[PDB]
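All letters in the sequence shown, in the order written, are residues 188 to 241 by PDB author numbering.
What follows is one structure encoded as C-alpha cells, with my remarks underneath.
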Amino acid sequence: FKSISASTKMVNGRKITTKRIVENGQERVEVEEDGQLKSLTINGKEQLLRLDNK
Numbered sequence: 188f189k190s191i192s193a194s195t196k197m198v199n200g201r202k203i204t205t206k207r208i209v210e211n212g213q214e215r216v217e218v219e220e221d222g223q224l225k226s227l228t229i230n231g232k233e234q235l236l237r238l239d240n241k
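Structure below.
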C-alpha cells in the first residue's frame, strides 16, 4: 500500500521538506528547496532513461 510520509526542516531560513511515498517498493523523494521542490528519487535511486542497452 502507499505510505504517506513527509518531513520538514527549517535550516538557516531554508524550509526543506521531503515527501516519502512507499508503494510497490517505491519510496519517492521530494526535497523542498527554498519552498520549491528540486529533487526526485526513488529509494535513493535516481531514474530517467537508458539509451545504452549494453
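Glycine included, every Cβ here is placed at the ideal spot set by N, Cα and C.
8 Å Cβ cutoff met for residue i and residue j
i           : j           : result
residue 214 : residue 230 : yes
residue 204 : residue 194 : yes
residue 207 : residue 221 : no
residue 210 : residue 188 : yes
Margin query: Restricting to runs no shorter than 4 residues, where is the alpha helix (DSSP H) found entirely within the region 194–231?
Written below: none
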